[PDB]
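As provided, query.tsv (TSV, C-alpha atoms) reads as follows.
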```tsv
chain	number	residue	atom	x	y	z
A	2	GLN	CA	0.00	0.00	0.00
A	3	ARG	CA	1.07	3.57	-0.80
A	4	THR	CA	-0.18	6.63	1.00
A	5	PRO	CA	-1.36	9.66	-1.02
A	6	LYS	CA	0.60	12.79	-1.74
A	7	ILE	CA	-1.60	15.89	-1.47
A	8	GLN	CA	-1.31	19.35	-3.03
A	9	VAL	CA	-3.90	22.11	-2.57
A	10	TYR	CA	-3.68	25.07	-4.94
A	11	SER	CA	-5.63	27.32	-7.30
A	12	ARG	CA	-6.02	27.10	-11.06
A	13	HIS	CA	-5.20	30.79	-11.54
A	14	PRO	CA	-3.10	33.08	-9.30
A	15	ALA	CA	-5.24	34.04	-6.33
A	16	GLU	CA	-6.76	37.53	-6.31
A	17	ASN	CA	-9.08	38.29	-3.40
A	18	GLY	CA	-12.68	38.80	-4.49
A	19	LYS	CA	-12.10	37.18	-7.89
A	20	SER	CA	-13.64	33.85	-8.90
A	21	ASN	CA	-11.16	30.99	-9.34
A	22	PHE	CA	-10.92	27.20	-8.97
A	23	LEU	CA	-9.67	25.38	-5.86
A	24	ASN	CA	-7.76	22.18	-6.62
A	25	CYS	CA	-6.85	19.21	-4.46
A	26	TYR	CA	-4.53	16.85	-6.33
A	27	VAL	CA	-4.04	13.45	-4.68
A	28	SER	CA	-1.43	11.18	-6.19
A	29	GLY	CA	0.99	8.36	-5.57
A	30	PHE	CA	-1.51	6.18	-3.70
A	31	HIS	CA	-2.51	2.51	-3.87
A	32	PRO	CA	-5.07	1.00	-3.70
A	33	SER	CA	-7.46	3.34	-5.51
A	34	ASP	CA	-10.26	3.93	-3.00
A	35	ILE	CA	-9.87	7.39	-1.49
A	36	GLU	CA	-12.10	9.95	0.24
A	37	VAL	CA	-11.50	13.62	-0.55
A	38	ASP	CA	-13.39	16.64	0.81
A	39	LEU	CA	-12.75	20.29	0.04
A	40	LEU	CA	-13.40	22.53	3.05
A	41	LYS	CA	-14.38	26.19	3.45
A	42	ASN	CA	-13.80	27.38	7.04
A	43	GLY	CA	-13.85	23.76	8.21
A	44	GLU	CA	-17.14	22.91	6.46
A	45	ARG	CA	-17.50	20.55	3.51
A	46	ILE	CA	-18.11	22.16	0.11
A	47	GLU	CA	-20.99	20.32	-1.52
A	48	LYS	CA	-20.41	20.82	-5.27
A	49	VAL	CA	-17.00	19.25	-5.89
A	50	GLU	CA	-16.12	17.48	-9.15
A	51	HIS	CA	-13.26	15.09	-9.79
A	52	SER	CA	-11.26	13.63	-12.65
A	53	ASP	CA	-11.51	10.09	-13.99
A	54	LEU	CA	-9.30	7.55	-12.20
A	55	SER	CA	-5.96	7.07	-13.91
A	56	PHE	CA	-2.49	6.08	-12.81
A	57	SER	CA	1.19	6.84	-13.30
A	58	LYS	CA	4.04	4.76	-14.73
A	59	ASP	CA	4.72	3.31	-11.26
A	60	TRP	CA	1.05	2.11	-11.10
A	61	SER	CA	0.07	4.59	-8.37
A	62	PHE	CA	-3.25	6.38	-8.79
A	63	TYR	CA	-4.00	10.07	-9.09
A	64	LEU	CA	-7.15	12.19	-8.97
A	65	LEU	CA	-7.94	15.91	-9.18
A	66	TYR	CA	-10.80	17.26	-7.06
A	67	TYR	CA	-11.88	20.80	-7.89
A	68	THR	CA	-14.55	23.41	-7.22
A	69	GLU	CA	-15.07	27.09	-7.82
A	70	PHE	CA	-14.14	29.47	-5.12
A	71	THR	CA	-13.60	33.18	-4.79
A	72	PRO	CA	-10.64	33.63	-2.38
A	73	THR	CA	-10.62	36.33	0.31
A	74	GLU	CA	-8.21	37.55	2.98
A	75	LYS	CA	-10.01	35.78	5.83
A	76	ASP	CA	-11.65	32.63	4.41
A	77	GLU	CA	-9.69	29.43	5.03
A	78	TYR	CA	-9.73	26.60	2.51
A	79	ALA	CA	-8.43	23.06	2.87
A	80	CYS	CA	-8.51	19.52	1.52
A	81	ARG	CA	-9.31	16.55	3.79
A	82	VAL	CA	-8.13	13.13	2.60
A	83	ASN	CA	-8.77	9.65	3.94
A	84	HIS	CA	-7.20	6.44	2.62
A	85	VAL	CA	-6.65	2.93	3.98
A	86	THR	CA	-3.03	3.93	4.79
A	87	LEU	CA	-4.11	6.80	7.08
A	88	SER	CA	-5.09	6.22	10.71
A	89	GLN	CA	-7.17	9.40	10.49
A	90	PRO	CA	-8.04	11.96	7.79
A	91	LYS	CA	-5.22	14.26	6.73
A	92	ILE	CA	-6.04	17.96	6.34
A	93	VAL	CA	-3.85	20.14	4.12
A	94	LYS	CA	-4.56	23.87	4.22
A	95	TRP	CA	-4.59	25.98	1.09
A	96	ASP	CA	-1.55	28.26	1.08
A	97	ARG	CA	-1.67	30.95	-1.60
A	98	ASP	CA	2.12	30.75	-1.94
A	99	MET	CA	2.27	26.97	-2.50
B	1	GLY	CA	7.67	16.26	-31.83
B	2	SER	CA	6.86	12.76	-30.61
B	3	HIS	CA	3.45	11.63	-29.39
B	4	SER	CA	1.84	8.77	-27.52
B	5	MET	CA	-1.51	7.02	-27.20
B	6	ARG	CA	-2.25	5.13	-23.99
B	7	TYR	CA	-5.15	3.23	-22.50
B	8	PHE	CA	-5.22	2.74	-18.73
B	9	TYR	CA	-7.40	-0.05	-17.33
B	10	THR	CA	-8.16	-0.56	-13.63
B	11	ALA	CA	-10.21	-3.48	-12.29
B	12	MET	CA	-10.98	-3.69	-8.57
B	13	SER	CA	-12.66	-6.52	-6.72
B	14	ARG	CA	-14.89	-5.69	-3.74
B	15	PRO	CA	-16.24	-8.90	-2.18
B	16	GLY	CA	-19.68	-8.37	-0.71
B	17	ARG	CA	-20.18	-5.17	-2.71
B	18	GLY	CA	-20.99	-6.58	-6.13
B	19	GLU	CA	-18.82	-7.56	-9.05
B	20	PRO	CA	-15.42	-5.94	-9.69
B	21	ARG	CA	-15.50	-2.39	-11.02
B	22	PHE	CA	-13.77	-1.79	-14.37
B	23	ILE	CA	-12.57	1.68	-15.43
B	24	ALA	CA	-10.83	2.55	-18.68
B	25	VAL	CA	-9.41	5.91	-19.72
B	26	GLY	CA	-7.66	6.81	-22.97
B	27	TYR	CA	-4.98	9.48	-23.42
B	28	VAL	CA	-3.12	11.14	-26.26
B	29	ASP	CA	-0.01	12.56	-24.60
B	30	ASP	CA	-1.31	14.40	-21.49
B	31	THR	CA	-4.89	14.85	-22.82
B	32	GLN	CA	-7.58	12.41	-21.74
B	33	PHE	CA	-10.06	11.77	-24.55
B	34	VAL	CA	-12.32	8.84	-23.53
B	35	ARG	CA	-13.60	7.18	-20.36
B	36	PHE	CA	-15.59	4.06	-19.46
B	37	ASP	CA	-16.85	3.12	-15.98
B	38	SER	CA	-18.77	-0.11	-15.35
B	39	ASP	CA	-20.43	1.54	-12.33
B	40	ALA	CA	-22.04	4.28	-14.43
B	41	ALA	CA	-25.83	4.18	-14.57
B	42	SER	CA	-25.60	3.47	-18.32
B	43	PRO	CA	-21.99	2.34	-18.85
B	44	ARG	CA	-20.69	3.52	-22.16
B	45	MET	CA	-17.49	4.80	-23.76
B	46	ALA	CA	-17.79	8.56	-23.42
B	47	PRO	CA	-15.87	11.47	-24.96
B	48	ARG	CA	-13.66	13.65	-22.81
B	49	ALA	CA	-12.00	15.84	-25.48
B	50	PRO	CA	-13.79	17.94	-28.13
B	51	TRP	CA	-11.91	16.48	-31.12
B	52	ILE	CA	-13.14	12.92	-30.44
B	53	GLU	CA	-16.81	13.97	-30.56
B	54	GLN	CA	-16.80	13.95	-34.38
B	55	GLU	CA	-16.36	10.18	-34.41
B	56	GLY	CA	-19.64	8.63	-35.49
B	57	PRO	CA	-21.94	6.13	-33.82
B	58	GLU	CA	-20.04	3.14	-35.23
B	59	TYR	CA	-17.01	4.31	-33.23
B	60	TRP	CA	-18.82	4.67	-29.91
B	61	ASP	CA	-20.67	1.37	-30.40
B	62	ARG	CA	-17.39	-0.48	-31.04
B	63	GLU	CA	-15.60	1.14	-28.11
B	64	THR	CA	-18.50	0.46	-25.75
B	65	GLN	CA	-18.68	-3.17	-26.84
B	66	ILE	CA	-14.93	-3.58	-26.28
B	67	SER	CA	-15.26	-2.03	-22.82
B	68	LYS	CA	-18.10	-4.36	-21.80
B	69	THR	CA	-16.21	-7.41	-23.07
B	70	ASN	CA	-13.12	-6.22	-21.20
B	71	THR	CA	-15.19	-5.76	-18.02
B	72	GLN	CA	-16.13	-9.45	-18.16
B	73	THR	CA	-12.62	-10.63	-19.08
B	74	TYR	CA	-11.06	-8.62	-16.25
B	75	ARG	CA	-13.52	-10.08	-13.76
B	76	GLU	CA	-12.45	-13.54	-14.95
B	77	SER	CA	-8.79	-12.51	-14.67
B	78	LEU	CA	-9.24	-11.29	-11.09
B	79	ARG	CA	-10.76	-14.67	-10.16
B	80	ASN	CA	-7.83	-16.46	-11.83
B	81	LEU	CA	-5.23	-14.27	-10.11
B	82	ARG	CA	-6.77	-14.83	-6.69
B	83	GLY	CA	-6.24	-18.55	-7.31
B	84	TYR	CA	-2.68	-18.17	-8.60
B	85	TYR	CA	-1.74	-16.53	-5.29
B	86	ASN	CA	-3.87	-18.81	-3.03
B	87	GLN	CA	-5.70	-15.74	-1.78
B	88	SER	CA	-8.88	-15.54	0.28
B	89	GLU	CA	-12.19	-14.73	-1.38
B	90	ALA	CA	-12.62	-12.06	1.32
B	91	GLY	CA	-9.97	-9.61	0.16
B	92	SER	CA	-10.10	-6.82	-2.38
B	93	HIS	CA	-7.53	-6.82	-5.18
B	94	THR	CA	-6.54	-4.62	-8.11
B	95	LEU	CA	-5.54	-5.47	-11.68
B	96	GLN	CA	-4.15	-2.71	-13.89
B	97	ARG	CA	-3.15	-2.62	-17.54
B	98	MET	CA	-1.58	0.11	-19.64
B	99	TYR	CA	-0.90	-0.22	-23.36
B	100	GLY	CA	-0.41	1.84	-26.46
B	101	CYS	CA	2.07	3.23	-28.90
B	102	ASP	CA	4.65	5.99	-29.32
B	103	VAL	CA	5.22	7.70	-32.68
B	104	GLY	CA	7.84	10.13	-33.90
B	105	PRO	CA	7.41	13.49	-35.65
B	106	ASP	CA	6.96	11.61	-38.94
B	107	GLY	CA	4.20	9.44	-37.47
B	108	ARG	CA	6.33	6.29	-37.57
B	109	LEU	CA	6.14	3.82	-34.71
B	110	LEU	CA	8.85	4.35	-32.12
B	111	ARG	CA	7.73	1.45	-29.91
B	112	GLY	CA	4.70	-0.29	-28.45
B	113	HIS	CA	3.73	-0.96	-24.84
B	114	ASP	CA	1.62	-3.47	-22.95
B	115	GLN	CA	2.17	-3.89	-19.21
B	116	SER	CA	0.13	-5.25	-16.29
B	117	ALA	CA	0.29	-5.05	-12.49
B	118	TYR	CA	-1.50	-6.96	-9.73
B	119	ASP	CA	-2.06	-5.19	-6.39
B	120	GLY	CA	0.33	-2.49	-7.59
B	121	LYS	CA	3.18	-4.92	-8.36
B	122	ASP	CA	4.46	-5.51	-11.88
B	123	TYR	CA	3.00	-8.81	-13.11
B	124	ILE	CA	3.63	-9.36	-16.84
B	125	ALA	CA	4.83	-7.12	-19.65
B	126	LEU	CA	5.16	-7.42	-23.40
B	127	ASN	CA	8.80	-6.94	-24.32
B	128	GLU	CA	9.84	-4.20	-26.75
B	129	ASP	CA	10.18	-6.85	-29.48
B	130	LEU	CA	6.35	-7.23	-29.30
B	131	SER	CA	6.93	-10.99	-29.47
B	132	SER	CA	7.84	-12.24	-25.96
B	133	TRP	CA	6.80	-11.60	-22.36
B	134	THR	CA	8.57	-10.88	-19.10
B	135	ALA	CA	6.77	-12.56	-16.18
B	136	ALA	CA	7.45	-11.37	-12.64
B	137	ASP	CA	6.84	-14.62	-10.73
B	138	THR	CA	5.50	-18.16	-10.98
B	139	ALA	CA	1.91	-16.90	-11.09
B	140	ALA	CA	2.69	-14.64	-14.04
B	141	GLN	CA	4.35	-17.65	-15.69
B	142	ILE	CA	0.93	-19.33	-15.76
B	143	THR	CA	-0.46	-16.33	-17.61
B	144	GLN	CA	2.54	-16.30	-19.95
B	145	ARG	CA	2.04	-19.96	-20.88
B	146	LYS	CA	-1.65	-19.32	-21.54
B	147	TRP	CA	-0.83	-16.32	-23.71
B	148	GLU	CA	1.97	-18.17	-25.52
B	149	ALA	CA	-0.42	-21.00	-26.36
B	150	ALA	CA	-2.94	-18.52	-27.77
B	151	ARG	CA	-0.28	-16.49	-29.64
B	152	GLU	CA	-1.36	-13.35	-27.79
B	153	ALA	CA	1.88	-11.51	-28.61
B	154	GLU	CA	1.20	-11.72	-32.36
B	155	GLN	CA	-2.22	-10.13	-31.86
B	156	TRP	CA	-0.68	-7.33	-29.78
B	157	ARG	CA	2.03	-6.71	-32.37
B	158	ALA	CA	-0.59	-6.42	-35.10
B	159	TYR	CA	-2.61	-3.97	-33.02
B	160	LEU	CA	0.32	-1.83	-31.87
B	161	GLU	CA	1.93	-1.56	-35.32
B	162	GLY	CA	-1.41	-1.14	-37.09
B	163	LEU	CA	-4.61	0.27	-35.61
B	164	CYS	CA	-2.87	1.94	-32.66
B	165	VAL	CA	-0.58	4.07	-34.80
B	166	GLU	CA	-3.22	4.68	-37.48
B	167	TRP	CA	-5.76	5.97	-34.98
B	168	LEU	CA	-3.17	8.00	-33.07
B	169	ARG	CA	-2.25	9.75	-36.33
B	170	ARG	CA	-5.96	10.38	-36.95
B	171	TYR	CA	-6.46	11.85	-33.47
B	172	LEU	CA	-3.36	14.03	-33.82
B	173	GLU	CA	-4.74	15.53	-37.04
B	174	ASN	CA	-8.30	16.01	-35.76
B	175	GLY	CA	-6.97	17.61	-32.57
B	176	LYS	CA	-3.98	19.35	-34.11
B	177	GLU	CA	-4.80	22.81	-32.75
B	178	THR	CA	-4.43	21.50	-29.16
B	179	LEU	CA	-2.58	18.16	-29.24
B	180	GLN	CA	0.13	19.63	-31.50
B	181	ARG	CA	0.35	22.95	-29.63
B	182	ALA	CA	2.95	23.27	-26.89
B	183	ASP	CA	2.08	26.04	-24.43
B	184	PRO	CA	5.17	27.50	-22.73
B	185	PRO	CA	5.35	28.03	-18.98
B	186	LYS	CA	4.74	31.44	-17.51
B	187	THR	CA	7.62	31.80	-15.06
B	188	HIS	CA	8.54	33.93	-12.06
B	189	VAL	CA	10.59	33.76	-8.86
B	190	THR	CA	9.14	34.55	-5.44
B	191	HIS	CA	11.00	35.27	-2.19
B	192	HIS	CA	9.79	34.07	1.22
B	193	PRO	CA	11.77	35.14	4.32
B	194	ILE	CA	12.20	32.28	6.81
B	195	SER	CA	14.29	33.97	9.50
B	196	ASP	CA	16.94	36.64	9.87
B	197	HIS	CA	19.33	34.10	8.34
B	198	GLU	CA	17.52	32.43	5.44
B	199	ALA	CA	14.82	32.87	2.82
B	200	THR	CA	13.14	30.59	0.30
B	201	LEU	CA	13.48	31.29	-3.40
B	202	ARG	CA	10.66	29.59	-5.28
B	203	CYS	CA	10.74	29.28	-9.07
B	204	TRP	CA	7.27	28.92	-10.62
B	205	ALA	CA	6.18	27.45	-13.95
B	206	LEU	CA	2.49	27.91	-14.74
B	207	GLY	CA	0.12	27.24	-17.60
B	208	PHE	CA	2.29	24.86	-19.64
B	209	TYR	CA	1.41	21.90	-21.87
B	210	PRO	CA	2.53	19.14	-22.15
B	211	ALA	CA	3.47	18.20	-18.59
B	212	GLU	CA	7.12	17.41	-19.42
B	213	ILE	CA	9.33	20.16	-17.98
B	214	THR	CA	12.71	20.68	-16.31
B	215	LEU	CA	13.02	23.22	-13.46
B	216	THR	CA	16.38	23.45	-11.73
B	217	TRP	CA	18.13	25.82	-9.35
B	218	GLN	CA	21.83	26.60	-9.70
B	219	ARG	CA	24.14	28.26	-7.16
B	220	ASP	CA	27.25	29.81	-8.75
B	221	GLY	CA	26.37	27.75	-11.83
B	222	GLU	CA	26.24	24.41	-9.97
B	223	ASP	CA	23.05	22.35	-9.83
B	224	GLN	CA	21.43	22.20	-6.38
B	225	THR	CA	19.72	18.83	-6.86
B	226	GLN	CA	20.02	17.61	-3.26
B	227	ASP	CA	19.03	21.03	-1.87
B	228	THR	CA	16.04	21.78	-4.13
B	229	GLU	CA	12.48	20.99	-3.08
B	230	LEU	CA	10.64	20.00	-6.27
B	231	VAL	CA	6.88	19.43	-6.14
B	232	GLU	CA	5.20	16.96	-8.44
B	233	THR	CA	3.89	18.50	-11.65
B	234	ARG	CA	0.18	19.12	-11.06
B	235	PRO	CA	-2.82	19.77	-13.33
B	236	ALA	CA	-4.45	23.19	-13.29
B	237	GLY	CA	-7.74	21.86	-14.66
B	238	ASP	CA	-7.56	23.88	-17.93
B	239	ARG	CA	-5.43	21.44	-19.99
B	240	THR	CA	-2.26	22.94	-18.47
B	241	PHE	CA	0.14	22.03	-15.69
B	242	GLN	CA	1.98	23.77	-12.86
B	243	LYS	CA	5.26	23.15	-11.05
B	244	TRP	CA	7.65	24.88	-8.70
B	245	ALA	CA	11.16	24.36	-7.34
B	246	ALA	CA	12.45	25.93	-4.13
B	247	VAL	CA	15.83	26.45	-2.46
B	248	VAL	CA	16.65	27.87	0.97
B	249	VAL	CA	19.27	30.58	0.58
B	250	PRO	CA	21.32	32.62	3.07
B	251	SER	CA	20.13	36.19	3.43
B	252	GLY	CA	22.02	38.43	1.02
B	253	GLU	CA	23.12	35.60	-1.30
B	254	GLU	CA	20.00	35.59	-3.50
B	255	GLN	CA	21.80	36.78	-6.63
B	256	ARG	CA	24.09	33.75	-6.64
B	257	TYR	CA	21.05	31.61	-7.49
B	258	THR	CA	19.52	31.09	-10.93
B	259	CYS	CA	16.45	29.12	-11.96
B	260	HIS	CA	16.60	27.27	-15.28
B	261	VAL	CA	13.51	26.23	-17.23
B	262	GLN	CA	13.29	23.88	-20.22
B	263	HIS	CA	10.01	23.17	-22.04
B	264	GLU	CA	9.13	22.49	-25.66
B	265	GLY	CA	6.83	25.54	-25.79
B	266	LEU	CA	9.76	27.89	-25.15
B	267	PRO	CA	11.70	29.32	-28.12
B	268	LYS	CA	14.82	29.13	-25.93
B	269	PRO	CA	15.53	27.88	-22.38
B	270	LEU	CA	14.96	30.40	-19.60
B	271	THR	CA	17.27	31.61	-16.86
B	272	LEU	CA	15.51	33.45	-14.03
B	273	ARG	CA	16.69	35.20	-10.90
B	274	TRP	CA	14.89	36.90	-8.05
B	275	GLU	CA	14.09	40.46	-9.12
B	276	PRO	CA	13.27	42.53	-6.04
C	1	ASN	CA	-9.02	2.91	-30.82
C	2	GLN	CA	-8.92	0.13	-28.20
C	3	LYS	CA	-7.75	-3.43	-28.63
C	4	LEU	CA	-10.20	-6.25	-27.99
C	5	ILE	CA	-8.87	-8.12	-24.95
C	6	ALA	CA	-10.37	-11.61	-24.88
C	7	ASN	CA	-7.64	-13.72	-23.24
C	8	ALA	CA	-7.95	-13.62	-19.48
C	9	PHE	CA	-4.90	-13.70	-17.25
```
Can the structure from this file be put into structure tokens for me?
Amino acid sequence: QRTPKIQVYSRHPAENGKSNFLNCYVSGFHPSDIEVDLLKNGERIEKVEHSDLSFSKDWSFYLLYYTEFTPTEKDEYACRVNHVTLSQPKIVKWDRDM
Amino acid sequence: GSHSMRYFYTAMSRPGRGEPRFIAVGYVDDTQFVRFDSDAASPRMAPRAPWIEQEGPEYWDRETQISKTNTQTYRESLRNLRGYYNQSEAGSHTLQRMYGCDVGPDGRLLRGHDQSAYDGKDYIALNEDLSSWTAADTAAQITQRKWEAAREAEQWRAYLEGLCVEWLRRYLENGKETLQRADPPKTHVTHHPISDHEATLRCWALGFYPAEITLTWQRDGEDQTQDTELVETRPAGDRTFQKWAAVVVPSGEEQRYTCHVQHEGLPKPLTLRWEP
Amino acid sequence: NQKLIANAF
């Protein structure tokens, strides 16, 4: 089993007040079942789409979960991931600079 | 330049939760263009790129029929593999396959591919000769003997040298305004103070296609491989990809560092430095 | 264009 790598980032450079897309890219994991939530101020965003399951040359899986936001100075966004390899869900916060 | 077609198959057993799920996705280079999912309400080969939509009903009927036949064959294969490894009927297992062809700028076959993995471990692969197999273990040797008896390699060679390359060339022409367009990275360097003593220089590459890229940091002209943090190339969601590379630098030494970017969309490789 | 896979593992 392989535990997922997680990156949380925006499609376009973040400008407060301006509509954008929030991405959570999970990769490098095996087996393929995985739970991913996008969070706004700790609460689950309901309309989140995701890519079709594919995998890399080393057979590990990857998925992109995405939704529209509009970033602001104060709102906090995150991705919460659970997988068989994780004792408990991993939360990665969205950092504008990452 | 060069181009590839790939199909990626995943089959997953789930005892007590129905029959194994089968998913298939097709790619040209870094662009997905079809998907099939046996769990869909009405499973059917579906388009995922605009240039494949012009294929007529005969195409989608054939591809759907292949996907449904594969769904059944992969369920049979998962049952066989459980037996080859003396495994319990209670566990969930994964079978993956990835196959296709690479062509050069002239459209000629560079090589073909057909590889399989069981529970994430390489299982059997068609050799580059397209005529023999490499089996990972004694279970895969059972599969090899079955495929040798049925002359499976000859069927794969015919497919990879024939239909695979012919259809890849067709897709490349129908999708030429995107599949044959390299989009260069938009690049910049950011500066993130860590302490009085150190800061991070981060070199960004944004909006590029295809995903292949080289980002490196040099200090006094020497590569900083061991000291560079390099994130995995990641999809933006708009066809394009993103990447960054970071080094921790002593305060005041920022101008000894240069970021170097190679990508086929660039007329010439880039050298960047922090520009305060 | 997919290949028809009819030989199980």
Nearby residues, (2.2, 18.1, -27.3) file frame, 8 Å, all atoms listed in the file, as an NGL selection string: :B and (1-3 or 29-30 or 178-182 or 209-210)
Chain B contacts to chain C at 6 Å (only C-alpha atoms) as a list in words: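 Written out as asked, the residues are residues 66, 70, 73, 77 and 143 of chain B.
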Counting only C-alpha atoms, chain A residues within 9 Å of chain B, as a compact mmCIF listing (two decimals) with C-alpha atoms, in the frame of the given file:
```
# COMPACT_ATOMS: atom_id res chain seq x y z
CA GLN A 2 0.00 0.00 0.00
CA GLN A 8 -1.31 19.35 -3.03
CA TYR A 10 -3.68 25.07 -4.94
CA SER A 11 -5.63 27.32 -7.30
CA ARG A 12 -6.02 27.10 -11.06
CA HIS A 13 -5.20 30.79 -11.54
CA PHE A 22 -10.92 27.20 -8.97
CA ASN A 24 -7.76 22.18 -6.62
CA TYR A 26 -4.53 16.85 -6.33
CA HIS A 31 -2.51 2.51 -3.87
CA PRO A 32 -5.07 1.00 -3.70
CA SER A 33 -7.46 3.34 -5.51
CA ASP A 53 -11.51 10.09 -13.99
CA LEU A 54 -9.30 7.55 -12.20
CA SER A 55 -5.96 7.07 -13.91
CA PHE A 56 -2.49 6.08 -12.81
CA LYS A 58 4.04 4.76 -14.73
CA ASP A 59 4.72 3.31 -11.26
CA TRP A 60 1.05 2.11 -11.10
CA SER A 61 0.07 4.59 -8.37
CA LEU A 65 -7.94 15.91 -9.18
CA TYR A 67 -11.88 20.80 -7.89
CA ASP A 98 2.12 30.75 -1.94
CA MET A 99 2.27 26.97 -2.50
```
Test item: residues at most 12 Å from residue 96 in chain A, only C-alpha atoms, excluding those fewer than 3 positions along its chain, as a list in words: residues 8, 9, 10, 11, 14, 15, 23, 24, 25, 72, 74, 76, 77, 78, 79, 80, 93 and 99 of chain A
Point-to-point distance from CA of residue 214 in chain B to CA of residue 262 in chain B, Å rounded to tenths: 5.1 Å
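Atom to atom, CA of residue 264 in chain B and CA of residue 175 in chain B stand 18.2 Å apart.
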How big is the axis-aligned box around all listed atoms of range 70-85 of chain B once 6 Å goes on each side, and where's its centre, in Å to one decimal, as AutoDock Vina command-line options?
```
--center_x -8.9 --center_y -12.2 --center_z -13.2 --size_x 26.4 --size_y 24.8 --size_z 27.9
```
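We find CA of residue 62 in chain B and CA of residue 159 in chain B to be spaced 15.3 Å apart.
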Sel. within 8 Å of pt (-6.2, 7.6, -1.7), counting all atoms listed in the file, output as a ChimeraX atom specification: /A:4-5,27-28,30-36,62,82-85
Counting all atoms listed in the file, the residue of A:86, A:39, A:47, A:19 that sits nearest residue 3 in chain A: A:86
Start from the incomplete input, build N, CA, C and O atoms for range 40-53 of chain B, and deliver everything as an mmCIF file, keeping the file's coordinate frame.
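So part01.cif came out as:
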```cif
data_model
loop_
_atom_site.group_PDB
_atom_site.id
_atom_site.type_symbol
_atom_site.label_atom_id
_atom_site.label_comp_id
_atom_site.auth_asym_id
_atom_site.auth_seq_id
_atom_site.Cartn_x
_atom_site.Cartn_y
_atom_site.Cartn_z
ATOM 1 N N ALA B 40 -21.153 3.230 -13.962
ATOM 2 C CA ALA B 40 -22.040 4.280 -14.430
ATOM 3 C C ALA B 40 -23.452 3.740 -14.616
ATOM 4 O O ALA B 40 -23.651 2.555 -14.885
ATOM 5 N N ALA B 41 -24.447 4.622 -14.463
ATOM 6 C CA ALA B 41 -25.830 4.180 -14.570
ATOM 7 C C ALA B 41 -26.093 3.504 -15.912
ATOM 8 O O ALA B 41 -26.760 2.462 -15.977
ATOM 9 N N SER B 42 -25.555 4.072 -16.990
ATOM 10 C CA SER B 42 -25.600 3.470 -18.320
ATOM 11 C C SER B 42 -24.164 3.431 -18.833
ATOM 12 O O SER B 42 -23.709 4.366 -19.504
ATOM 13 N N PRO B 43 -23.419 2.365 -18.526
ATOM 14 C CA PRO B 43 -21.990 2.340 -18.850
ATOM 15 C C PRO B 43 -21.779 2.482 -20.348
ATOM 16 O O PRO B 43 -22.386 1.752 -21.146
ATOM 17 N N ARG B 44 -20.916 3.423 -20.732
ATOM 18 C CA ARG B 44 -20.690 3.520 -22.160
ATOM 19 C C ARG B 44 -19.430 4.360 -22.359
ATOM 20 O O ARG B 44 -19.090 5.220 -21.529
ATOM 21 N N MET B 45 -18.718 4.079 -23.441
ATOM 22 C CA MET B 45 -17.490 4.800 -23.760
ATOM 23 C C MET B 45 -17.887 6.251 -24.023
ATOM 24 O O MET B 45 -18.753 6.510 -24.862
ATOM 25 N N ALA B 46 -17.307 7.195 -23.290
ATOM 26 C CA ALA B 46 -17.790 8.560 -23.420
ATOM 27 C C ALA B 46 -16.645 9.494 -23.791
ATOM 28 O O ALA B 46 -15.501 9.280 -23.378
ATOM 29 N N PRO B 47 -16.929 10.543 -24.555
ATOM 30 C CA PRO B 47 -15.870 11.470 -24.960
ATOM 31 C C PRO B 47 -15.457 12.373 -23.808
ATOM 32 O O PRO B 47 -16.265 12.758 -22.961
ATOM 33 N N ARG B 48 -14.172 12.717 -23.791
ATOM 34 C CA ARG B 48 -13.660 13.650 -22.810
ATOM 35 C C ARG B 48 -12.803 14.743 -23.427
ATOM 36 O O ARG B 48 -12.234 15.554 -22.690
ATOM 37 N N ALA B 49 -12.704 14.792 -24.756
ATOM 38 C CA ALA B 49 -12.000 15.840 -25.480
ATOM 39 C C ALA B 49 -12.841 16.227 -26.684
ATOM 40 O O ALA B 49 -13.472 15.357 -27.301
ATOM 41 N N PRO B 50 -12.886 17.515 -27.040
ATOM 42 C CA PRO B 50 -13.790 17.940 -28.130
ATOM 43 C C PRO B 50 -13.509 17.292 -29.474
ATOM 44 O O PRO B 50 -14.453 17.034 -30.230
ATOM 45 N N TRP B 51 -12.247 17.009 -29.799
ATOM 46 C CA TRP B 51 -11.910 16.480 -31.120
ATOM 47 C C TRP B 51 -12.303 15.018 -31.312
ATOM 48 O O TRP B 51 -12.291 14.548 -32.454
ATOM 49 N N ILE B 52 -12.655 14.285 -30.254
ATOM 50 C CA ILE B 52 -13.140 12.920 -30.440
ATOM 51 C C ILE B 52 -14.648 12.891 -30.686
ATOM 52 O O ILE B 52 -15.170 11.867 -31.149
ATOM 53 N N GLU B 53 -15.360 13.988 -30.413
ATOM 54 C CA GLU B 53 -16.810 13.970 -30.560
ATOM 55 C C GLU B 53 -17.257 13.782 -32.005
ATOM 56 O O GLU B 53 -18.375 13.309 -32.237
#
```
